[PDB]
Amino acid sequence: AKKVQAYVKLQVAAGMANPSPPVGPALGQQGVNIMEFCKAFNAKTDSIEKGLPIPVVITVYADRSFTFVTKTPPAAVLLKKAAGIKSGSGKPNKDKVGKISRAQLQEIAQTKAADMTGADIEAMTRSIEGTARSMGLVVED
Amino acid sequence: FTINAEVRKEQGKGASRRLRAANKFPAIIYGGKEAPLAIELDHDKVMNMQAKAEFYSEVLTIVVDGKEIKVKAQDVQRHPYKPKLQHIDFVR
Amino acid sequence: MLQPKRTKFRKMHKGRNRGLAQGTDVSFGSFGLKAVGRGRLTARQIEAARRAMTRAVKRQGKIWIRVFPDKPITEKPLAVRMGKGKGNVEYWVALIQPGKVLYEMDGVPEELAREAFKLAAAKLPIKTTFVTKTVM
Amino acid sequence: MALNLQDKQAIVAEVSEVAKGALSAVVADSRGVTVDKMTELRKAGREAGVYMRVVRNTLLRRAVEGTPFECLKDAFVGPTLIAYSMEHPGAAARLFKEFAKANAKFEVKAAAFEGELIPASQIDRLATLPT
Amino acid sequence: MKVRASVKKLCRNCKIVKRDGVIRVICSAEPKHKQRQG
RNA sequence: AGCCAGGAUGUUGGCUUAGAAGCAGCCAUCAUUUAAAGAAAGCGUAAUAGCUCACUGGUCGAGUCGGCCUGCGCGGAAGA
Ligand SMILES: [Mg+2]
Ligand SMILES: [Mg+2]
Ligand SMILES: [Mg+2]
Ligand SMILES: [Mg+2]
Ligand SMILES: [Mg+2]
Ligand SMILES: [Mg+2]
Ligand SMILES: [Mg+2]
Ligand SMILES: [Mg+2]
Ligand SMILES: [Mg+2]
Ligand SMILES: [Mg+2]
Ligand SMILES: [Mg+2]
Ligand SMILES: [Mg+2]
Ligand SMILES: [Mg+2]
């Protein structure tokens, strides 16, 4: 495994193929072309889901293309369809926005265990629960 | 919550100010059928004592001439602007 | 700008601002701005010092104004000789002795209170200090 | 830093772990990453739970005050950074090698992986363990 | 520099120094914060 | 206070789909792995990246950051 050469995690909704206003210059900053994030980008995206943001490693080399392994979609984008309210966050402590229980978030927690770091399921359970704590969703334990 | 204190002999305007200009201040102990007792005591202790909330509630044992008198701080006179005490009324 | 709503008498003697203050303890709020110095506060200074507090702590918190003017200060116009009547009432002032709590504050942190009272203190002529509500 | 009692609790906690332990392993991030944090420690989670206290405090008299009572050879290990990675389940577990294996996996250096105490040995990469 | 009568520590890197009787405020980050007197 | 060190994988997190990505504004202010890490005090970005500081480690190793109460001083302080 090599050290920091030129890898950066950056791209909007994975369904949005070839983003120029959202990202544009950043993914085409290095020697890698703009076309690479379109054909090869939607190869792995179409398996899981579209209209969903998902990250990937961009370890650029002097050859032409780059090696990559995709990870997992982040916490609250998943807590849209799962949570209910589109507006995640607003004025929680002064005015509670929403609420989620342990049973849903504990079940949602373990599905990312390929990417997630922890000891037990109950360990990352209160983490990926906690991801709700911070959207004005004081966890219904 | 135990303070050594002397008995006053001079008392009035002249004495009290002379006293307060010597790191001390006049207080008084009274209550029950016994007579009131005027009590000179040190400033810098009692200033630090009053920071705690227990001071204005709990029982204090003031040591006078050997004898330990049990009291509660009923009333108190702050100095107008400077952070310092002028006088304390100890109820028995 | 604070002012009495009707009075018995329009014009008042100059008087002598002496002795110590009476509004000494912090009664309503948790914190307060006590007047160390002696002097007088105009209606304008009070409003100016209120605005400087109110804007610092934002919408949150609660503020009292323990002082109120109720003393009309006359002033003679420019290019006018002495006598021929008492002057006309220009502004309204509260006499401030040492010890007087000016402003009181509640529902804020101690850290953010002190900085709010500094901004007010900078608008006032009198030397002031911070005081906390002590229980008895 | 809190009272002599609070400080005493920390070492007296560490000494009790040596009583119910066996193998240990050094680790000195002298240019690691937190991306590494949860590999060498994430391992310990994959073992079972929180109990595996790596207690990084080998200071000349801090964990070396507990030395006189438990394992006197670790006094010489003091100089330069060391972590006393005290284990619990499994006599001579796989937690020793993984510090040396993680060192290659994006951690710059790892104390020159000198090791601690099972046969009272020095700097030796040892795959020969119970598995 | 500024020669105001109330010099003070504006940012974090500002530092108060007394040179030849005068109180100055020297700064590493912003030379704007360089100010003397007071 | 100094010195080679660490100071996260999902957080492109929902949000007004133009972005707010630890840090415009919203508020929450996770919990894991654990020596430690706030989902962040500051710098830097169209936003990222990145660099610092909180904290935690190991070295050298002893007294030290801060607030009132005050005694004297210092600046503020330019005219024929
Ligand atoms: Mg008399
Ligand atoms: Mg009499
Ligand atoms: Mg007299
Ligand atoms: Mg009675
Ligand atoms: Mg009179
Ligand atoms: Mg009166
Ligand atoms: Mg009255
Ligand atoms: Mg004329
Ligand atoms: Mg010179
Ligand atoms: Mg001179
Ligand atoms: Mg001048
Ligand atoms: Mg000149
Ligand atoms: Mg002349």
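Each remark here, short or long, concerns the structure printed above.
Here's what I pulled together on the structure shown here. (Residues numbered from 1 in each chain as written, not as in the entry; some residues may be left out. Chains lettered and ligands numbered in written order. Part of a larger assembly, values for the part shown. Heavy atoms only, no water.)

The next thing to look at is the overall build of chain D. Looking only at helices and strands, chain D has four helices and zero strands in total. Scaling as 2.2 N^0.38, a compact globule of 131 residues should have a C-alpha radius of gyration of about 14 Å, and chain D matches this with 14 Å. By its C-alpha atoms, chain D is 40 × 30 × 30 Å across when sized along the principal axes. Residue pairs at least 24 apart in sequence account for 79% of intrachain contacts in chain D once pairs closer than 6 positions are excluded. Side chains of chain D give 18 positive and 16 negative charges; the mean places of these two sets differ by 5 Å. (Helix = DSSP H or I, 4+ residues; strand = E, 2+ residues; numbered from the N terminus. Rg over C-alpha atoms; globule rule 2.2 N^0.38 Å. Contact = heavy atoms within 4.5 Å. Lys, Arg positive; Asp, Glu negative; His and termini not counted. Charge placed at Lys NZ, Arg CZ, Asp CG, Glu CD.)

Right, let's get into the overall build of chain E. Check the secondary structure of chain E and you find zero helices and three strands. When the helices and strands of chain E are placed in sequence order, the string is β-β-β. Dimensions of chain E, computed from C-alpha atoms along their principal axes, come out at roughly 25 × 15 × 15 Å. At a minimum sequence separation of 6, the contacts of chain E that also span at least 24 residues come to 34%. As displayed, chain E offers around 3,000 Å² of accessible surface, 47% of which is attributable to carbon and sulfur atoms. (Areas by Shrake-Rupley, 256 points an atom, 1.4 Å probe, with all protein chains shown as cover.)

Residue and element names in this part refer to chain C. Direction vectors running N to C along helix α1 (residues 43–56) and helix α2 (residues 110–121) enclose 155 degrees, while the axes themselves pass 8 Å from each other. Taken together, the axes of α1 and α2 are roughly antiparallel relative to one another. Where α1 crosses over α2, the two elements pack in a sense that is right-handed. Contact residues: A49, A52, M53 and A56 in α1; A116, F117, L119 and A120 in α2. (Axes fitted to C-alpha atoms, helices over the stretch in contact; angles between N-to-C directions. Parallel < 35°, antiparallel > 145°, perpendicular 65-115°, else oblique. Left-handed = near helix turned anticlockwise from the far one by under 90°.)

Moving on, we get to the protein's contact with RNA strand F. Every one of the 77 residues lining RNA strand F counts as a neighbour, but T72 and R133 of chain A together with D29, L41 and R42 of chain D are closest to it. Considering the 4 Å shell around the protein, atoms of RNA strand F inside it are sugar or phosphate in 62% of instances. Between RNA strand F and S127 of chain A there is a distance of 2.7 Å, counted from a base oxygen to a backbone nitrogen or oxygen. Measuring from a base nitrogen of RNA strand F, one finds a side-chain N or O atom of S134 of chain A at 3.0 Å. Counting residues per element, the ones that place at least two in the surface near RNA strand F are α3 (75–78) and α5 (121–133) of chain A together with α2 (34–47) of chain D. When residues in the surface near RNA strand F are grouped by element, the largest group, eight residues, is from α2 of chain D. Looking at side-chain class alone, the surface near RNA strand F contains 34 nonpolar, 25 polar and 18 charged residues. (Near = heavy atom within 4 Å. Polar contact = N/O pair within 3.5 Å; in protein donor to acceptor, adjacent residues only side chain to side chain. Nonpolar A, V, L, I, M, F, W, Y, C, P; charged D, E, K, R; others polar.)

All names here are of chain A. One can describe the packing of helix α4 (residues 102–109) onto α5 by two numbers: an axis separation of 8 Å at closest approach and a directional angle of 115 degrees. Both α4 and α5 take part in a crossing whose hand is right-handed. The residues of α5 that touch α4, namely those facing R102, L105, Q106 and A109, are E122, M124, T125, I128, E129 and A132.

This brings us to the pairing of strand β2 (residues 22–26) of chain E. The side chains of a regular strand alternate, first on one face of the sheet and then on the other. All names here are of chain E. Across five bridges, strand β1 (residues 15–19) lies against β2 in antiparallel orientation. The partner of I16 across the bridge, within β2, is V25. Hairpin connection of β1 to β2: two residues between the antiparallel strands, including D20 at a positive phi of 55 degrees. One ladder, built from two bridges, connects β2 with strand β3 (residues 35–36); its direction is antiparallel. Of the residues in β3, the one forming a bridge with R24 is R36. (Pairing = 2+ DSSP bridges.)

Facing 10 residues of chain C, the contacting portion of chain B comprises seven residues. Between chain C and chain B lies a buried interface of about 720 Å² when both sides are counted; carbon and sulfur atoms form 65% of it. Connecting chain C to chain B are zero salt bridges. The interface formed by chain C and chain B includes three residue pairs in polar contact. In terms of residue class, the side of chain C that touches chain B is built from six nonpolar, three polar and one charged. (Buried area = accessible area lost by both parts, 1.4 Å probe. Salt bridge = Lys/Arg side-chain N within 4 Å of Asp/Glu carboxyl O.)

As a further point, take the interface of chain A and chain D. With 10 residues of chain A in contact, the opposing surface of chain D contributes eight residues. Buried surface at the junction of chain A and chain D, summed over both partners, amounts to about 640 Å²; 57% is from carbon and sulfur atoms. Our enumeration of links across chain A and chain D arrives at one residue pair in polar contact.

As a further point, take the environment of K8 of chain C. With respect to the helices and strands, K8 of chain C occurs in the segment before β1 (31–35). For the pair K8 of chain C and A48 of chain C, spaced 40 residues apart in sequence, the C-alpha separation works out to 28 Å.

Along the chain, the position of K2 of chain A falls in the segment before α1 (36–39). Excluding residues that lie within four positions of it along the chain, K2 of chain A makes contacts with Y61 of chain A together with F106 of chain D.

Once that is clear, we can look at the side chain of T61 of chain B. As for its position among the elements, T61 of chain B is in strand β4 (residues 60–64). Those residues in contact with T61 of chain B, other than ones at most four positions away along the chain, are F1, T2, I3, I69 and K70 of chain B.

Core analysis: the largest hydrophobic core is formed by 22 residues, its most contacted members being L41, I96, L102, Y103, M105 and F117 of chain C. Broken down by secondary-structure element, the contributors of at least two residues to this core are β1, α1, β5 (88–96), β6 (101–106) and α2 of chain C. If you tally residues by element for this core, the top one is α2 of chain C, at four residues. Counting 21 residues, the second-largest nonpolar core is a separate cluster that includes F25, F55, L60 and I69 of chain B. (Core = buried A, V, L, I, M, F, W, Y, C linked by side-chain atoms within 4.5 Å. Buried < 20%, exposed > 50% of the residue type's maximum accessible area, 1.4 Å probe, protein only.)

Let us look at helix α4 (residues 95–104) of chain D. One turn of the α-helix equals 3.6 residues, which is why residues spaced by three or four share an orientation. All names here are of chain D. Residues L95, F96, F99, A102 and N103 constitute the buried set of α4. Projected down its long axis, α4 carries its buried residues within an arc of 135 degrees, all on one side. Exposed positions of α4 whose direction lies more than 90 degrees from the buried face are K101 and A104. Structurally, α4 contributes buried residues whose contacts are with α2. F106, located one to two residues past α4, shows a positive phi value of around 60 degrees. (Arc of directions from axis to C-beta.)

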